[PDB]
Amino acid sequence: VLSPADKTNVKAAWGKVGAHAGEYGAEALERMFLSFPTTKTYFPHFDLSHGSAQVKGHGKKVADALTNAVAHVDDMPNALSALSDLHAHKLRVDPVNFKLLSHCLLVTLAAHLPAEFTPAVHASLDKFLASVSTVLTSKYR
Amino acid sequence: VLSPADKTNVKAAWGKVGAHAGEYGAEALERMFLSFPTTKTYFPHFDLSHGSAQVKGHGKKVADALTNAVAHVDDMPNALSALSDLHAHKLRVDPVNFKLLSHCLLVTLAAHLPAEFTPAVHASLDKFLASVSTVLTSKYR
Amino acid sequence: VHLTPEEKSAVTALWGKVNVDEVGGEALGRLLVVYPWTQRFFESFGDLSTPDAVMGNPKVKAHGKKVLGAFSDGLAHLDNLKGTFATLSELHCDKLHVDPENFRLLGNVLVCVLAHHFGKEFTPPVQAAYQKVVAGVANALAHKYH
Amino acid sequence: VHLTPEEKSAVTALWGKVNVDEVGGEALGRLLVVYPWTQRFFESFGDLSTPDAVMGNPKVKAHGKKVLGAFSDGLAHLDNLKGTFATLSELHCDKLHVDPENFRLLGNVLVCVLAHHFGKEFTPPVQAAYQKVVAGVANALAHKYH
Ligand code: HEM
Ligand code: HEM
Ligand code: HEM
Ligand code: HEM
């Protein structure tokens with residue numbers, strides 16, 4: 001449901017993210033764990049304190065996946081198929097949690113992109129993360 | 001995605017519903033208004049008293065649309081196109097409410113279909129109503 | 001929750017007709033079939049590969065009885081759910097790591113099972129009463145999460 | 001709502017830097033742009049067709065200031081949000097017919113606007129405090145719905 005303007009907006013914002021994408025993915029996770037503590041139930045094996053290398057390492061994996069989704073924005077189901085299988089059949093994260101991480105990624109981008117996070121780009125990023133979430137939960141049942 | 005077996009299950013259950021589809025649609029709405037009173041904010045122009053002609057009429061319209069979706073389950077976007085436009089551009093019902101009506105339609109079906117409402121059919125009906133809800137909210141932004 | 005007295009009476013009168021072990025096995029089984037990601041806590045229970053296997057799995061049955069027996073006992077304390085379920089809330093957060101969304105899903109599945117079991121007796125007002133109860137139980141189970 | 005002293009402290013310090021005029025218009029305008037179905041309540045506000053028309057619309061700006069000014073007076077009563085907002089809750093239900101899901105959406109957009117305005121000062125702990133407050137305000141505004 002991403003229009004050409006949406007795709008343009010997402011590629012422009014994420015390109016400014018650039019090599020900080022991993023830092024920002026870690027910050028989004030930290031924001032999520034503090035704001036929405038029920039999400040911590042999926043990570044009992046992690047040290048979730050501030051600065052944790054486990055959170056940093058996971059934030060980089062999440063960010064890299066989003067980088068791959070931007071790059072494959074017209075073929076996201078295939079580019080994300082292994083991650084959809086992983087979340088549907090192994091990790092089995094309740095779909096509600098994807099809205100929570102999405103909101104925390106938008107807050108992170110807002111806090112780091114003063115100039116780029118205009119109302120139109122905010123709308124396009126929110127639609128893009130909803131579409132990513134949809135793909136990742138598409139095989140749950 | 002609706003599997004072929006899901007489609008089989010939905011067609012059988014709905015076929016059982018048959019000529020009662022309008023009565024069940026009206027019951028599902030009444031269940032929604034009572035259980036989830038915030039959904040009444042979309043009907044301030046209706047008499048919502050039990051048995052009102054407006055609710056019975058609206059119930060039949062909802063049931064006929066579901067009948068259309070069951071008949072065209074391999075092309076729902078196309079089939080429900082007008083309705084997705086109507087909800088997206090005119091009615092502008094917040095997407096959360098679709099989950100509430102879906103739940104109340106499942107309860108109504110459970111209460112009337114003792115023989116047919118097996119675990120597998122319940123699963124398939126839940127997926128079907130989520131898919132209809134996704135199509136109806138697909139053009140919101 | 002805050003039920004009016006006639007809602008409380010509605011809830012209690014129906015529950016008196018429930019076979020708790022039966023409905024508990026049925027509700028937990030249907031949770032695992034309808035929302036299969038909820039199976040993630042139950043890998044130790046054996047075969048969950050088809051809906052028939054789930055529904056007939058004796059360990060799903062046995063956990064369903066345990067869950068619904070604690071629910072049943074909570075119906076005696078509708079005025080004090082947060083208090084009745086505080087220790088179980090802590091347990092489910094700190095030791096079992098159960099996302100509280102699962103309690104909301106179970107509540108909705110339970111309402112469907114009661115409708116299935118009672119048919120026309122599960123009227124719209126009786127459903128509304130049970131919806132307040134299952135929401136209050138989910139809220140109480142989620143209250144000590146941190 | 002219960003906030004720790006470092007959370008209430010954080011909420012207060014940041015809000016003293018907020019120009020309610022300007023943040024209120026940014027937050028309401030972004031709600032209308034990002035979740036355009038919320039425009040259903042604002043048919044008389046004129047031109048809302050493009051993000052640029054929404055954001056520059058003086059009636060959006062004026063209403064945003066009203067809404068955030070009332071939100072502001074709620075920060076002065078964090079321990080009884082329900083009694084603070086009861087009159088407005090009834091208004092939004094009985095006269096305005098506003099689905100309370102909209103209050104949750106505005107809360108989340110407001111958090112994004114604070115993050116945009118304040119940048120690195122809006123740290124993860126400060127956000128978590130604000131998320132509890134906006135959830136508390138949404139729940140308070142929804143409380144008299146029936
Ligand atoms: C934008 C949405 C998300 C993206 C792109 C994504 C991406 C990923 C990636 C790339 C991996 C590592 C797969 C690896 O080992 O190969 C992973 C693992 C995992 N994800 Fe997701 N994820 C998303 C949302 C969620 C959410 C909402 C949760 C739960 C709150 C979650 C929980 C987990 C868990 C528990 C792991 C395994 C962590 C480990 O053990 O190391 N995911 N995800
Ligand atoms: C299974 C999901 C749904 C179906 C199949 C459906 C179908 C319909 C149909 C067939 C119409 C009449 C269209 C016409 O007369 O031009 C309509 C109208 C309407 N619907 Fe939806 N609907 C669904 C969900 C919802 C929800 C969740 C709400 C709100 C809680 C909602 C609120 C409305 C309103 C307010 C009207 C206009 C009623 C009027 O004034 O007559 N719908 N819907
Ligand atoms: C009405 C809601 C619920 C009630 C009242 C409840 C009650 C209980 C009770 C009484 C126990 C035994 C704790 C003790 O042994 O000291 C327990 C255990 C457990 N519960 Fe919950 N429960 C609910 C929902 C859920 C849900 C929806 C899930 C997950 C999908 C879940 C997962 C578990 C797990 C994994 C155990 C440990 C079982 C064992 O070790 O064998 N519970 N629950
Ligand atoms: C923090 C949440 C909110 C607070 C504190 C709040 C407060 C207020 C206040 C003070 C009024 C002016 C009432 C008057 O001068 O009679 C008002 C009116 C109104 N509000 Fe809310 N509001 C909130 C959220 C929302 C949301 C999210 C929507 C819908 C998307 C909404 C829709 C309206 C409408 C339609 C009016 C009437 C505007 C008019 O007079 O055309 N409000 N609100």
# chains A, B, ... in the order shown; residues from 1 in each chain; ligands from 1
$ residues_around --residues "region 66-69 of chain A" --least-positions-apart "2" --cutoff "12 Å" --atoms "only C-alpha atoms" --output "PyMOL selection string"
chain A and resi 7+10-11+13-22+24-25+59-64+71-81+83+102+105+125+128-129+131-133+135-136
$ residues_near_ligand --ligand "ligand 3" --cutoff "7 Å" --atoms "only C-alpha atoms and all ligand atoms" --output "number ranges by chain"
C: 38-39, 41-42, 63, 66-68, 70-71, 88, 92, 96, 98, 102-103, 106-107, 137-138
$ write_last_selection --atoms "N, CA, C and O atoms" --output "tab-separated table (two decimals), in the first residue's frame"
chain	number	residue	atom	x	y	z
C	38	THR	N	0.74	-19.31	20.57
C	38	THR	CA	0.65	-19.53	22.00
C	38	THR	C	1.22	-20.90	22.37
C	38	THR	O	1.42	-21.17	23.56
C	39	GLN	N	1.50	-21.73	21.37
C	39	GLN	CA	2.10	-23.02	21.66
C	39	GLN	C	3.51	-22.89	22.17
C	39	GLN	O	4.09	-23.88	22.64
C	41	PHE	N	4.88	-21.92	24.75
C	41	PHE	CA	5.16	-22.22	26.16
C	41	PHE	C	5.04	-23.72	26.48
C	41	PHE	O	5.33	-24.18	27.58
C	42	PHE	N	4.60	-24.48	25.48
C	42	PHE	CA	4.07	-25.82	25.74
C	42	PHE	C	4.83	-26.89	24.96
C	42	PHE	O	4.29	-27.98	24.70
C	63	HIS	N	-3.38	-28.89	31.81
C	63	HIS	CA	-3.10	-27.46	32.10
C	63	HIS	C	-4.38	-26.63	32.01
C	63	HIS	O	-4.57	-25.68	32.77
C	66	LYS	N	-6.10	-26.68	35.19
C	66	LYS	CA	-5.43	-25.90	36.23
C	66	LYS	C	-5.73	-24.41	36.03
C	66	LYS	O	-6.01	-23.69	37.01
C	67	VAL	N	-5.62	-23.97	34.79
C	67	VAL	CA	-5.88	-22.55	34.49
C	67	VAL	C	-7.33	-22.24	34.83
C	67	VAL	O	-7.59	-21.25	35.49
C	68	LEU	N	-8.27	-23.05	34.38
C	68	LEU	CA	-9.66	-22.67	34.58
C	68	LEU	C	-10.10	-22.88	36.04
C	68	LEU	O	-11.03	-22.22	36.51
C	70	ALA	N	-8.19	-22.01	38.53
C	70	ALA	CA	-7.81	-20.75	39.18
C	70	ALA	C	-8.76	-19.64	38.73
C	70	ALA	O	-9.17	-18.75	39.49
C	71	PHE	N	-9.15	-19.63	37.45
C	71	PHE	CA	-10.18	-18.66	37.01
C	71	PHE	C	-11.47	-18.79	37.82
C	71	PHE	O	-12.08	-17.83	38.28
C	88	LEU	N	0.13	-14.84	41.17
C	88	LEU	CA	0.19	-15.47	39.85
C	88	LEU	C	0.67	-14.50	38.77
C	88	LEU	O	1.30	-14.93	37.82
C	92	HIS	N	3.78	-15.22	36.48
C	92	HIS	CA	3.76	-15.31	34.99
C	92	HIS	C	4.73	-14.35	34.32
C	92	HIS	O	5.23	-14.59	33.22
C	96	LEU	N	7.65	-17.27	34.21
C	96	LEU	CA	7.13	-17.99	33.05
C	96	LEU	C	7.29	-17.14	31.80
C	96	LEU	O	7.21	-17.73	30.71
C	98	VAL	N	5.31	-14.97	30.30
C	98	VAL	CA	4.14	-15.04	29.39
C	98	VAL	C	3.66	-13.64	29.03
C	98	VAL	O	3.27	-12.86	29.90
C	102	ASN	N	-1.54	-12.89	25.81
C	102	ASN	CA	-2.07	-14.25	25.82
C	102	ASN	C	-3.28	-14.39	26.72
C	102	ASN	O	-4.19	-15.17	26.44
C	103	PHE	N	-3.31	-13.65	27.83
C	103	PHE	CA	-4.47	-13.71	28.69
C	103	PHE	C	-5.71	-13.11	28.01
C	103	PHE	O	-6.82	-13.59	28.25
C	106	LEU	N	-6.86	-15.75	25.55
C	106	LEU	CA	-7.58	-16.81	26.23
C	106	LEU	C	-8.99	-16.35	26.63
C	106	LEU	O	-9.95	-17.12	26.52
C	107	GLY	N	-9.11	-15.10	27.08
C	107	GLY	CA	-10.42	-14.64	27.50
C	107	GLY	C	-11.42	-14.67	26.34
C	107	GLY	O	-12.57	-15.06	26.50
C	137	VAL	N	-9.91	-10.20	34.62
C	137	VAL	CA	-8.93	-11.21	34.97
C	137	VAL	C	-7.65	-10.97	34.19
C	137	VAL	O	-6.56	-11.10	34.77
C	138	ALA	N	-7.71	-10.65	32.90
C	138	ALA	CA	-6.46	-10.40	32.18
C	138	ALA	C	-5.70	-9.23	32.76
C	138	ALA	O	-4.47	-9.25	32.88
$ interface_residues --of "chain A" --to "chain C" --cutoff "12 Å" --atoms "only C-alpha atoms" --output "JSON, numbers by chain"
{"A": [33, 34, 35, 36, 37, 38, 39, 40, 41, 42, 43, 44, 45, 85, 86, 87, 88, 89, 90, 91, 92, 93, 94, 95, 96, 97, 137, 139, 140, 141]}
$ atom_distance --atom1 "atom 8 (C, counted along the ligand's line) of ligand 1" --atom2 "CA of residue 4 (chain A)"
26.1 Å
$ closest_atom_pairs --of "chain B" --to "chain A" --cutoff "10 Å" --atoms "only C-alpha atoms" --output "tab-separated table"
residue	atom	partner	partner_atom	distance
B:1	CA	A:138	CA	7.1
B:2	CA	A:141	CA	9.0
B:3	CA	A:141	CA	9.4
B:123	CA	A:141	CA	8.8
B:124	CA	A:141	CA	9.5
B:127	CA	A:141	CA	8.1
B:138	CA	A:1	CA	7.5
B:139	CA	A:1	CA	7.8
B:140	CA	A:1	CA	9.6
B:141	CA	A:127	CA	8.1
$ closest_residue --among "A:110, A:65, A:12, A:82" --to "ligand 1" --atoms "only C-alpha atoms and all ligand atoms"
A:65
$ select_by_dssp --residues "chain C" --states "helix (DSSP H, G or I)" --output "MDAnalysis selection string"
chainID C and resid 5:15 20:34 36:41 43:45 51:55 58:77 81:84 86:94 101:121 124:142
$ atom_distance --atom1 "CA of residue 104 (chain C)" --atom2 "CA of residue 139 (chain C)"
8.5 Å
$ atom_distance --atom1 "CA of residue 107 (chain B)" --atom2 "atom 22 (N, counted along the ligand's line) of ligand 2"
16.8 Å
$ residues_around --residues "region 124-132 of chain C" --least-positions-apart "5" --cutoff "7 Å" --atoms "only C-alpha atoms" --output "CSV table (one decimal) with C-alpha atoms, in the first residue's frame"
chain,number,residue,atom,x,y,z
B,30,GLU,CA,-26.2,-6.1,19.4
B,31,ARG,CA,-23.6,-8.1,21.1
B,34,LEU,CA,-23.4,-4.2,24.6
B,35,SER,CA,-20.0,-5.7,25.1
C,1,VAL,CA,-14.7,-5.9,38.3
C,7,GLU,CA,-24.4,-8.9,36.1
C,10,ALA,CA,-25.7,-13.7,35.5
C,11,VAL,CA,-22.1,-14.7,35.7
$ residues_around --residues "residue 83 (chain D)" --least-positions-apart "5" --cutoff "10 Å" --atoms "only C-alpha atoms" --output "MDAnalysis selection string"
chainID D and resid 74 77 89 140:141 143
$ closest_residue --among "A:53, A:100, A:109, A:70" --to "ligand 1" --atoms "only C-alpha atoms and all ligand atoms"
A:100
